[PDB]
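Only one structure is covered here, and it is reproduced in the block below.
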Amino acid sequence: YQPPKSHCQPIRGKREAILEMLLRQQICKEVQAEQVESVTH
Amino acid sequence: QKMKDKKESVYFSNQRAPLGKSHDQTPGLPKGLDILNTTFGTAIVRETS
Amino acid sequence: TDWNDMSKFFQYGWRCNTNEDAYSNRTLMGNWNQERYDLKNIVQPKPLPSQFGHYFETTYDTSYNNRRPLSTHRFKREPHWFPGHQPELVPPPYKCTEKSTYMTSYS
Amino acid sequence: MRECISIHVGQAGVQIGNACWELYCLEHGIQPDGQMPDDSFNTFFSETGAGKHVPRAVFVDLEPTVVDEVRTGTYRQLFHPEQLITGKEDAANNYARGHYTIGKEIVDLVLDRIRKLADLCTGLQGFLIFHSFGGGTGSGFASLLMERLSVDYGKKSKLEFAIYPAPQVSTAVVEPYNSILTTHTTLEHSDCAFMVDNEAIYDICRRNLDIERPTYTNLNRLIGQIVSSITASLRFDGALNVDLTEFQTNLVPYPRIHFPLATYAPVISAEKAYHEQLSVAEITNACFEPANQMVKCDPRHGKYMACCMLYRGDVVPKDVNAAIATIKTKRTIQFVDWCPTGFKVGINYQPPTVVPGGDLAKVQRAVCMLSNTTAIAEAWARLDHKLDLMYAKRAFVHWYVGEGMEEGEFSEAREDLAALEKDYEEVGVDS
Amino acid sequence: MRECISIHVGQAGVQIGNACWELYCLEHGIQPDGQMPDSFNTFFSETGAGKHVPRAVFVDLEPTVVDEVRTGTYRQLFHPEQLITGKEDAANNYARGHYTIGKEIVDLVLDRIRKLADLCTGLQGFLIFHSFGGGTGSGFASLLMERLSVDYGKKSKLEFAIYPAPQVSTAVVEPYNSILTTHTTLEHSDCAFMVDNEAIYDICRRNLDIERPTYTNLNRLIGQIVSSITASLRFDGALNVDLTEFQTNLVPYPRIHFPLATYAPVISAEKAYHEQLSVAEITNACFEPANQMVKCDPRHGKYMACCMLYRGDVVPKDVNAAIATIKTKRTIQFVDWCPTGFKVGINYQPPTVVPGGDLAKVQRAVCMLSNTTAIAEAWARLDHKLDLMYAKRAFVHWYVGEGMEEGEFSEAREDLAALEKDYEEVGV
Amino acid sequence: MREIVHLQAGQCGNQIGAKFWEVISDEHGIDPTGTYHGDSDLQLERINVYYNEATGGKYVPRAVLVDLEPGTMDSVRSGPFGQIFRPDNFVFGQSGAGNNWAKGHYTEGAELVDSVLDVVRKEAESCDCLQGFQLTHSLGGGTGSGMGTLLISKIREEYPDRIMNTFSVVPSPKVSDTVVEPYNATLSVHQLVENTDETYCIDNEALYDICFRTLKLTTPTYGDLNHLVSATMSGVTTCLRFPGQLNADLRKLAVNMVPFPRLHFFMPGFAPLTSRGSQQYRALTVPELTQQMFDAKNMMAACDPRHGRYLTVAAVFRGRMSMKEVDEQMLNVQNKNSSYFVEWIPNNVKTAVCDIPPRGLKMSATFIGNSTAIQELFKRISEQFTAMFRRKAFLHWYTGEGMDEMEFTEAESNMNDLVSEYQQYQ
Amino acid sequence: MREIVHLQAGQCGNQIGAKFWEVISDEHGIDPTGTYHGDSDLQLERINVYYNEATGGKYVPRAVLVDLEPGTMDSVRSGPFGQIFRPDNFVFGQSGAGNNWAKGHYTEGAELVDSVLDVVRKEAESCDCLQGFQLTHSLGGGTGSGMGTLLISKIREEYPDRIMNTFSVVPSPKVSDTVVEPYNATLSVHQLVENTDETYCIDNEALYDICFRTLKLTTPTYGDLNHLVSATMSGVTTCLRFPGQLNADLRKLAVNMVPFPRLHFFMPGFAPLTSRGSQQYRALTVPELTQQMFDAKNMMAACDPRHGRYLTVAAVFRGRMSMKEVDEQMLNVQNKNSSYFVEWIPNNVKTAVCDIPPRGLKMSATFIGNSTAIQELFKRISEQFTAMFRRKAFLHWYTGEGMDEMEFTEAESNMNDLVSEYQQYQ
Ligand SMILES: Nc1nc2c(ncn2[C@@H]2O[C@H](COP(=O)(O)OP(=O)(O)OP(=O)(O)O)[C@@H](O)[C@H]2O)c(=O)[nH]1
Ligand SMILES: Nc1nc2c(ncn2[C@@H]2O[C@H](COP(=O)(O)OP(=O)(O)OP(=O)(O)O)[C@@H](O)[C@H]2O)c(=O)[nH]1
Ligand SMILES: Nc1nc2c(ncn2[C@@H]2O[C@H](COP(=O)(O)OP(=O)(O)O)[C@@H](O)[C@H]2O)c(=O)[nH]1
Ligand SMILES: Nc1nc2c(ncn2[C@@H]2O[C@H](COP(=O)(O)OP(=O)(O)O)[C@@H](O)[C@H]2O)c(=O)[nH]1
Ligand SMILES: [Mg+2]
Ligand SMILES: [Mg+2]
């Protein structure tokens, strides 16, 4: 029972990950954003 | 290299025996005849109805 | 086909003792014709013949097949009604709703 | 609205079907994807609400690797996938394999497809069968398919387009067995059998065209040409139309004698046609030249009994009749005494369509000969003499018996075809 | 949520729980410190700032096995009061851990269970891991279950108990404790999955390529099985199966709640990736007697109910087809009053591979819970083991000298005989 | 124009009706948010049948989302069409019924009925002229079989003069999910007979055989079958929303379909089902639709009408078709198999033609059929009930929730009386 | 859909199989790591026959690798292409059959035949449609000649309708490697003539002759002979795994090829073999492949066809070519040689033109011949047996194992019956 060795290899490109984050900022910031006179005058 | 190999052997029996074609008929047929659009044989002029 | 109640689980469909449907595509086992008709498979691009391909060409290829690069385009999504419906083929890009018999006849 | 349904069985069926359907898609304005960028296409094509045309043909072959390239090629979007019927393993040059185990497995599928193709047509006139005599499934599966169609439909006409075994050259060893076993069950079921071979078309391609070492496509294109010229009187207007029913009943005198030959007249390249005069009197005696016929036999020893002219292009009748009146004058071409003047003539107003990459030249006149001839009896004599050589030593019999067959059916087939020899030599004697 | 409080008692319990909580930390994103670099609420509870502590309790009467785990890799993960350690062990004596050394530490464990349960909102069950051949996991576990069924009533509890192996064994007084705690656990357990150690030794030597294994190589298998049971309480699936679904479709009678556990794909990395591991060819590996985890054979008895738990990319069509072709086998026998006899569950999460383990990463997994009358032959062995050795009254003086009267041996033996005659009237 | 209130019970019901609302909004031209993005005026003509009007010109379905398991309310909103449902119409408990009709009907399915009834009474009073109700549920669970039947009983007490519809998912004969399926199935069919007007029997195995032999799909999912069920449910309310030459609502179908008040178990079907490779090659004509609509391997129940006789038959058509060849085809399918129809009736086929087809197809049709072969569905449930009840197996779960042994016997007696009632016409 | 399960027994057959899966994998574009890297999609369209696709896109083969001594099975999991096999198909034995038919049949083959039959059945029942088996082995040594013969006998029992292909290694006439070869040869060919369908004989003397006077090499290795054997053995299943204009599978090459069930001993050939120094002076044409195929020095059987007469001839042509050359060459090879064919078969030869050539060649061919002259090969072994057995030379290691003296005489009688029933057709 040793501290586990997370052999984290990327399954995706760096450019696509940057693009995903870049889309996610704007999409999250907008999805959090969707959610004088009387009648006889 | 295979098309080069075929081109070095054009002065060969490839002249008068290709795989699928017959023989290059351009030296036997005059100039640019447009073989697809050519109706060989005589035709009748259809005068005298 | 339906010889008895247990007639299936041996023919096709209900079957778990063959090597079919474990091969991937471009392998031609079992259902492969209906998979190339799928809309996912149509938009997959076709590579050009790139070296040593003059070995692997047949008489059907040099006699009837037309060798030309094919452009790949997406289809505009349309409603599906039954499973396997592919209305995004056929000519009209947008299928307008039909009109009533009164609207066509009385005008 | 006279329509035809084609049945292509086997490798020889599917390849010939590819050639002839390419020719049909090019004769009309049909692209290989099925779109047409006139109503003459009804005989071979249907219509669909998407502006799409589907051929009226079925392809059947238990060996899958002949229809698989059809499915993978550029003609994929033209054919109906449910009209392309494949199996899982071949018949392997055995009548019994294609007639008794997987012969009966797929019959209820092919007959369903034929029935569905028949409900979508109003005036159906006949069935065209494409199969090989010496194959495994063209001899097995087609020979029981036509016997089932003869009981399912009846008053239609069954015409088969058979690749008869060549005299000297041949592919398989057990070809006489399959041939003699498929000609036993077709004699009392099929109506007529226009048959060709492969050696004679080889000689024609070597001589009349300049092409040495041809492939199967260079023969299948000629086969598609003659098959189109037979049906050319259906979809195109002419002076004398010949229907599908009529060349079922003026070539065959007796139902045991329904084996004519085949011949295409202006088989020629661009070079030799470019010098040649192509008059009607010059191409109609090319049909009677023994060099130009798709069955190797010498008709001078034989006796002609019936003939069928099929003309297309710019052809006026009296060139034809002043040409046949010349035919009757020479002593070499000699008919049979019980038949008087026995020609059937048909004129069409459409010249043949050349295929790009093809070898024939676009010409103005064409003649398709279908002639019953007594000289075809020599081919059957050689074939059953070959079986009598093979059957004496019990060669390859064990491959047949252990496959649902019976030793007595070899005898019943050979005693059937020994009567064809004494049939053909009694219709040639002086009456 | 869909939470579950785990109770580990004994050396076997804590050594199983080490591997179990390693797999629980690694299945989610939980580090050994307890930090994430919300489906973890089943096993972990968030604190205010950033830490996820487990919902378990680790009980033992000796400190040479709990002080192992608070001086190791996961010493910061566990709450340092959830690790309850005693001063003196029961020393392979049911009487000691049930009446003498256990009557006065059980109040502390009850308080810790209550303090874990006030943080609880949607409590679903209790997972109890121990062994039948000891003094702590046999006596103190029995006392804990007796008190828990009174303090909580209808709340379900599950049992993962190491049954004594038929041929090999560790202790000598094993049959006495393993019959006494079986008699006690009979009325206070809703389900009890028996596991042997000889059968998992055979599985490790035969299915995996790893031979001369350790207790770790079995505890990883047990942790994988217990992860597949509670997989539907955390992850989405086509067919969710909860713990109320568990005993409703498994036990037909309240006295018959002893199912057999099986894990189908058990293959090392050298042989795993040359196979076409579809659900079809691995769902009939559950019925192989070599893969069974109790050293018995289900072909000696009648199948009564089977629960199939699935992981990964399982399509319901293919499991349905394979199951309906399982019934067309004449080797497997089902009881007559269960015409269908199957319960299925499909989870979308693939099984989580542990680095340094023996298993290989796969896309599909099956956990099988088959209730069979073949477990009656497991009672015959230790029944004969007791009455062959109780007649000379061997090893009795520690039991009768430590808070235990003499009638309990006869009462437990009578209860086991009634169980053996209970499993024989079902098969007819 | 006739309003319809929709009801969903259980996980199977909740995943069937989500796809049903998807296809309903899909043929009415409604985006998942709720706005109208259509092309014609007919799509917005009778949208009050299934929708309300909210602020901003958006539409909300008239549906109630009921299940005991709280986990499946997440799977509806997070689906492809989850935004359109109103969050106040989601009702849910703590724990599932656990495949137990007993606690789905008495213990934990009888204190949440008050909230569901409040929602329905709240919502069915917001419409002009309510036609009736629909229910999608399963017979082999605990929520849709227990709570659903109690819901049907309470609504039938509250609203006796309306119609009640049910698209039941009956236990399949050979493939199965639960070991306790006959216990819930018998005791739900016993409650269905006196409380419903129209019942549809859906078998999962029949849907799989459809997806195998007709659509030629090699690996269908559960949405792959929910799509077929949803296509069928939309085709029986077509004349309620689109105009036509011969309209027919649900009450008129019920009047001309079931002859005696207990024989209301039908077998549904859908006509234009083709493979992917043969839908560019097959022309949708009425002789093509009616040939495979009366084919015995089309209907979504595991009952073969060649074993039985057709009491009455319904066929609701959509599209621009002739009114002579539909009746010609109905007499064509009624006269030649003279032994498959009851003789003491004049006319069995019911023909209704709606003008507007589904957007993209040419023509479509829906099948509804009363057959005496529906009794075979109940023989396999009764046999598995009596094979298990005689050994008192799996019984303490039902007994311990507050039920007696005589309810099982009396429910079995009602099942056998239902079976013997259908045998008079065979 | 016509797949083959491949069997390897003995060290010789195991090395031959290793070279076989070298050649098939570099023909179908399989990496040593198991993936695909080929240059066309026509190679992968018929990967059925030899490869199983596991999870992850790895194409493991249908190889059954069995041997009685592990000293060669570590070398068989070879460098380049030994890791593509699945590890569960390796079936080992402890004590190798040290040149003993009896040890390979009775006391060391029998306990391993039951552990190899289960994996053979597991692979065979997991096929869509099995076509047959190939068993590469030898008749000289112990484990091949005994254990593979026992495997053939057991397989022919449960699959009587399949194809039993064997690629045998008959002992050479000139220089042999062991001495007790005649005993194993005759007791293996006893059960080879009755349980198989097609048998190919491969001598090492003829292979050395080929590697000397055709390829012009001085000191060839065993891998060269194995590559020639694998090249001809890959050439008979081409038309069933690559499209062409005239196709022929293994049953095709049996129906046309054996006239009687017990005359099925073939003798193969390989046409386009040329040296390095003569590489650029020889045009690749049909009249050259046809000339080389019928050359007596081009063949891998010790017997030359000048002594006998061909019963039937097979010739699987490969590459893009024309039919007329094949036809006229086959006609002229019979007309110009009229004294070397049987008169009671009209067409002895059989042609089949595939379209895909081997790797790097443009046009190729594969000869399969059934000559009468193969009776001399068995005559030599019968002569050696009659010279050896009469002094009871090495019967000590056979009779002390579980065999009698009577078993040898039946094998000798079957040899004499095979030889005597070949001279009638001369
Ligand atoms: N003229 C011509 N003959 C062909 C063609 N294709 C095949 N053949 C003939 O077919 C014979 C071989 O038998 P087939 O009919 O092809 O075999 P089969 O019955 O289809 O059974 P399979 O082996 O599965 O193909 C050869 O002798 C050829 O003469 C073709 O395209 N044109
Ligand atoms: N499978 C498995 N079994 C274990 C493990 N640890 C202990 N056991 C079993 O536990 C049995 C005896 O229990 P103990 O290890 O003595 O623990 P206990 O129940 O607390 O008993 P005491 O230590 O005397 O208090 C032995 O027969 C072992 O087979 C383990 O890590 N894995
Ligand atoms: N057609 C269809 N059937 C389903 C679906 N989901 C579940 N089922 C069926 O529903 C049955 C079980 O329903 P269940 O989960 O018990 O409903 P519950 O009462 O809410 O628990 C199973 O036999 C499944 O076959 C679905 O999406 N479509
Ligand atoms: N062509 C060839 N022959 C071999 C090879 N290995 C062994 N042999 C031959 O096989 C004979 C020995 O028999 P063998 O099959 O190896 O014995 P067994 O495997 O124990 O049955 C020798 O005469 C060798 O000539 C090889 O790689 N290639
Ligand atoms: Mg074929
Ligand atoms: Mg301890």
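Labels for the structure tokens follow display order: chains A, B, ..., residues from 1 in each chain, ligands from 1.
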After least-squares alignment of chain F to chain G over all Cα atoms in order, what RMSD do you get? 0.7 Å
Which chains and residue numbers are within 10 Å of ligand 5, counting only C-alpha atoms and all ligand atoms, if I want them as a list in words? residues 9, 10, 11, 12, 13, 14, 60, 61, 62, 63, 64, 65, 66, 67, 86, 87, 89, 90, 91, 92, 135, 136, 137 and 138 of chain D; 246, 247 and 248 of chain G
How many Å separate atom CA of residue G:9 from atom CA of residue G:108?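 Separation of atom CA of residue G:9 and atom CA of residue G:108: 13.5 Å.
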Taking only C-alpha atoms and all ligand atoms and a cut-off of 6 Å, can you tell me which residues surround ligand 2, written as a ChimeraX atom specification? /E:10-12,15-16,89-92,131,133-137,170,197,215,218-219
Backbone-only DSSP, helix (DSSP H, G or I) members of stretch 116-308 of chain D, as a VMD selection string: chain D and resid 116 to 119 137 to 152 175 to 182 199 to 207 217 to 235 246 to 248 270 to 275 280 to 283
Give me the residues near stretch 1-18 of chain A as a list in words, where near means some atom within 8 Å (using only C-alpha atoms) and where sequence neighbours in that chain fewer than 4 positions away do not count.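 Everything that qualifies: residues 22 of chain A; 32, 73 and 355 of chain E.
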Identify, on the basis of only C-alpha atoms, every residue whose closest approach to residue C:39 does not exceed 9 Å; exclude the query and any residue fewer than 2 positions from it along the same chain; express the result as a PyMOL selection string. chain C and resi 35-37+41-43+75+86+88-89
Atoms kept (N, CA and C atoms) for selection, written as a PDB file, in the first residue's frame:
ATOM      1  N   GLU C  35     -24.399  -0.794 -41.900  1.00  0.00           N
ATOM      2  CA  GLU C  35     -23.547   0.141 -41.179  1.00  0.00           C
ATOM      3  C   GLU C  35     -22.900   1.168 -42.093  1.00  0.00           C
ATOM      4  N   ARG C  36     -22.620   0.807 -43.345  1.00  0.00           N
ATOM      5  CA  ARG C  36     -22.151   1.796 -44.304  1.00  0.00           C
ATOM      6  C   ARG C  36     -23.268   2.709 -44.783  1.00  0.00           C
ATOM      7  N   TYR C  37     -24.523   2.279 -44.656  1.00  0.00           N
ATOM      8  CA  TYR C  37     -25.660   3.145 -44.931  1.00  0.00           C
ATOM      9  C   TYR C  37     -25.960   4.099 -43.787  1.00  0.00           C
ATOM     10  N   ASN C  41     -21.205   6.816 -40.938  1.00  0.00           N
ATOM     11  CA  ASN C  41     -20.192   6.253 -41.823  1.00  0.00           C
ATOM     12  C   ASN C  41     -20.047   7.031 -43.123  1.00  0.00           C
ATOM     13  N   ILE C  42     -21.099   7.734 -43.551  1.00  0.00           N
ATOM     14  CA  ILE C  42     -21.045   8.454 -44.818  1.00  0.00           C
ATOM     15  C   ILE C  42     -20.101   9.648 -44.717  1.00  0.00           C
ATOM     16  N   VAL C  43     -20.141  10.365 -43.590  1.00  0.00           N
ATOM     17  CA  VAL C  43     -19.310  11.556 -43.421  1.00  0.00           C
ATOM     18  C   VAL C  43     -17.856  11.241 -43.102  1.00  0.00           C
ATOM     19  N   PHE C  75     -24.569  17.127 -43.031  1.00  0.00           N
ATOM     20  CA  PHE C  75     -25.983  17.222 -43.360  1.00  0.00           C
ATOM     21  C   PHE C  75     -26.706  18.038 -42.299  1.00  0.00           C
ATOM     22  N   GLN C  86     -33.515   8.193 -41.593  1.00  0.00           N
ATOM     23  CA  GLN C  86     -32.494   9.115 -42.083  1.00  0.00           C
ATOM     24  C   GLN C  86     -33.138  10.031 -43.112  1.00  0.00           C
ATOM     25  N   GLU C  88     -32.305  13.127 -43.580  1.00  0.00           N
ATOM     26  CA  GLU C  88     -31.350  14.152 -43.977  1.00  0.00           C
ATOM     27  C   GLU C  88     -30.661  13.831 -45.293  1.00  0.00           C
ATOM     28  N   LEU C  89     -30.939  12.673 -45.875  1.00  0.00           N
ATOM     29  CA  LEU C  89     -30.656  12.415 -47.277  1.00  0.00           C
ATOM     30  C   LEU C  89     -31.856  12.933 -48.076  1.00  0.00           C
TER      31      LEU C  89
END
Shell around stretch 11-24 of chain B at 6 Å using only C-alpha atoms, local window under 2 positions removed, as a list in words: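 Surrounding residues, per the criterion: residues 9 and 26 of chain B; 210, 211, 212 and 214 of chain D.
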File of the preceding selection, N, CA, C and O atoms, as a PDB file, in the first residue's frame:
ATOM      1  N   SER B   9       9.770   0.167 -70.968  1.00  0.00           N
ATOM      2  CA  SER B   9       9.385  -0.965 -71.800  1.00  0.00           C
ATOM      3  C   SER B   9       8.190  -0.628 -72.688  1.00  0.00           C
ATOM      4  O   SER B   9       7.262  -1.422 -72.833  1.00  0.00           O
ATOM      5  N   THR B  26      -4.557   5.767 -82.987  1.00  0.00           N
ATOM      6  CA  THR B  26      -4.242   7.131 -83.404  1.00  0.00           C
ATOM      7  C   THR B  26      -3.239   7.202 -84.567  1.00  0.00           C
ATOM      8  O   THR B  26      -3.454   8.018 -85.471  1.00  0.00           O
TER       9      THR B  26
ATOM     10  N   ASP D 210      -8.752  -5.918 -82.649  1.00  0.00           N
ATOM     11  CA  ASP D 210      -7.311  -6.109 -82.610  1.00  0.00           C
ATOM     12  C   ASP D 210      -6.813  -6.493 -81.223  1.00  0.00           C
ATOM     13  O   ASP D 210      -5.599  -6.595 -81.017  1.00  0.00           O
ATOM     14  N   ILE D 211      -7.717  -6.718 -80.277  1.00  0.00           N
ATOM     15  CA  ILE D 211      -7.322  -6.932 -78.889  1.00  0.00           C
ATOM     16  C   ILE D 211      -6.840  -8.365 -78.694  1.00  0.00           C
ATOM     17  O   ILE D 211      -7.598  -9.327 -78.857  1.00  0.00           O
ATOM     18  N   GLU D 212      -5.561  -8.506 -78.373  1.00  0.00           N
ATOM     19  CA  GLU D 212      -5.023  -9.742 -77.837  1.00  0.00           C
ATOM     20  C   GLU D 212      -5.079  -9.684 -76.317  1.00  0.00           C
ATOM     21  O   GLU D 212      -5.166  -8.606 -75.722  1.00  0.00           O
ATOM     22  N   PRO D 214      -7.510 -10.594 -73.870  1.00  0.00           N
ATOM     23  CA  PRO D 214      -8.582  -9.848 -73.207  1.00  0.00           C
ATOM     24  C   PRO D 214      -8.905 -10.425 -71.837  1.00  0.00           C
ATOM     25  O   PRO D 214      -8.516 -11.541 -71.489  1.00  0.00           O
TER      26      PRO D 214
END
Contacts to ligand 4 at 8 Å cut-off (only C-alpha atoms and all ligand atoms) as an MDAnalysis selection string: chainID G and resid 9:16 67:68 96:99 137:146 169 171:172 176:178 202:204 207 222:223 225:226 229
Now that the selection is made, can you save its residues with N, CA and C atoms as a short mmCIF file (atom, residue, chain, number, x, y, z; two decimals), in the first residue's frame?
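So the final result, stored in part.cif, reads:
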data_model
loop_
_atom_site.label_atom_id
_atom_site.label_comp_id
_atom_site.auth_asym_id
_atom_site.auth_seq_id
_atom_site.Cartn_x
_atom_site.Cartn_y
_atom_site.Cartn_z
N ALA G 9 1.80 -28.51 -34.58
CA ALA G 9 2.28 -29.55 -33.68
C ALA G 9 3.72 -29.88 -34.01
N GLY G 10 4.53 -30.10 -32.98
CA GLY G 10 5.93 -30.42 -33.15
C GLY G 10 6.77 -29.18 -33.40
N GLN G 11 8.09 -29.35 -33.28
CA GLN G 11 8.99 -28.21 -33.45
C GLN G 11 9.10 -27.80 -34.92
N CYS G 12 9.12 -28.77 -35.84
CA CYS G 12 9.20 -28.44 -37.26
C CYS G 12 7.94 -27.72 -37.73
N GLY G 13 6.77 -28.27 -37.40
CA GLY G 13 5.52 -27.61 -37.74
C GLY G 13 5.35 -26.29 -37.02
N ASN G 14 5.93 -26.17 -35.83
CA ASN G 14 5.85 -24.92 -35.08
C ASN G 14 6.69 -23.82 -35.72
N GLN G 15 7.91 -24.15 -36.18
CA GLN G 15 8.72 -23.16 -36.89
C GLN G 15 8.10 -22.80 -38.23
N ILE G 16 7.51 -23.79 -38.92
CA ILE G 16 6.81 -23.53 -40.17
C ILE G 16 5.62 -22.59 -39.93
N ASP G 67 2.91 -28.64 -28.19
CA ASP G 67 4.16 -29.39 -28.28
C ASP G 67 4.39 -30.09 -26.95
N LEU G 68 5.13 -31.20 -27.01
CA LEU G 68 5.43 -32.03 -25.85
C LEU G 68 6.71 -31.62 -25.13
N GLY G 96 9.19 -34.52 -23.78
CA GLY G 96 8.94 -34.55 -25.21
C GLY G 96 8.96 -35.96 -25.76
N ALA G 97 8.15 -36.18 -26.80
CA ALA G 97 8.12 -37.48 -27.46
C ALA G 97 9.42 -37.65 -28.23
N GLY G 98 10.39 -38.30 -27.60
CA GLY G 98 11.72 -38.38 -28.16
C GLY G 98 11.82 -39.35 -29.31
N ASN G 99 11.25 -38.96 -30.46
CA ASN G 99 11.20 -39.77 -31.68
C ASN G 99 10.48 -41.08 -31.38
N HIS G 137 2.92 -29.87 -39.62
CA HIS G 137 3.66 -30.80 -38.78
C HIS G 137 4.64 -31.58 -39.65
N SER G 138 5.25 -32.60 -39.05
CA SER G 138 6.13 -33.53 -39.75
C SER G 138 5.70 -34.95 -39.41
N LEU G 139 6.20 -35.91 -40.18
CA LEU G 139 5.95 -37.32 -39.93
C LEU G 139 7.17 -38.04 -39.39
N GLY G 140 8.31 -37.36 -39.26
CA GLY G 140 9.54 -38.00 -38.86
C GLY G 140 9.71 -38.14 -37.36
N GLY G 141 9.48 -37.06 -36.63
CA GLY G 141 9.70 -37.04 -35.20
C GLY G 141 8.56 -37.66 -34.42
N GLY G 142 8.58 -37.40 -33.11
CA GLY G 142 7.64 -38.04 -32.21
C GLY G 142 6.36 -37.28 -31.91
N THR G 143 6.48 -36.03 -31.44
CA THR G 143 5.31 -35.29 -31.01
C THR G 143 4.42 -34.86 -32.18
N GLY G 144 5.00 -34.50 -33.32
CA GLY G 144 4.21 -34.16 -34.48
C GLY G 144 3.48 -35.37 -35.02
N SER G 145 4.25 -36.40 -35.42
CA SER G 145 3.69 -37.57 -36.09
C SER G 145 2.71 -38.34 -35.22
N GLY G 146 2.84 -38.27 -33.91
CA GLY G 146 1.90 -38.95 -33.05
C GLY G 146 0.76 -38.06 -32.61
N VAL G 169 5.58 -32.89 -43.74
CA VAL G 169 7.00 -32.90 -44.07
C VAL G 169 7.43 -34.36 -44.10
N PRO G 171 9.89 -37.53 -44.80
CA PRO G 171 11.35 -37.69 -44.73
C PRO G 171 12.02 -37.72 -46.10
N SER G 172 13.18 -37.08 -46.17
CA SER G 172 13.89 -36.94 -47.43
C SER G 172 14.47 -38.28 -47.87
N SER G 176 18.73 -38.00 -44.26
CA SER G 176 17.75 -37.86 -43.20
C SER G 176 18.45 -37.46 -41.90
N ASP G 177 17.68 -36.83 -41.01
CA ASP G 177 18.25 -36.35 -39.76
C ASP G 177 18.17 -37.37 -38.63
N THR G 178 17.16 -38.24 -38.63
CA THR G 178 17.09 -39.33 -37.66
C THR G 178 17.12 -40.66 -38.41
N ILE G 202 5.95 -32.26 -48.44
CA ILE G 202 7.06 -31.33 -48.58
C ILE G 202 8.33 -32.04 -48.13
N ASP G 203 9.24 -32.29 -49.06
CA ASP G 203 10.60 -32.77 -48.81
C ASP G 203 11.60 -31.65 -48.62
N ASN G 204 12.62 -31.94 -47.82
CA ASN G 204 13.70 -31.00 -47.60
C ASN G 204 14.80 -31.13 -48.65
N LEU G 207 13.58 -28.93 -51.40
CA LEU G 207 13.69 -27.54 -50.99
C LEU G 207 15.14 -27.06 -51.03
N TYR G 222 17.36 -22.79 -42.32
CA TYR G 222 16.05 -23.42 -42.20
C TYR G 222 14.92 -22.41 -42.41
N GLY G 223 15.16 -21.14 -42.07
CA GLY G 223 14.16 -20.12 -42.28
C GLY G 223 13.83 -19.89 -43.75
N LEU G 225 13.81 -22.33 -46.12
CA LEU G 225 12.90 -23.43 -46.43
C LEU G 225 11.52 -23.19 -45.84
N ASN G 226 11.47 -22.68 -44.60
CA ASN G 226 10.20 -22.37 -43.97
C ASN G 226 9.47 -21.24 -44.70
N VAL G 229 7.93 -22.77 -47.79
CA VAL G 229 6.77 -23.56 -47.40
C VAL G 229 5.58 -22.67 -47.05
#
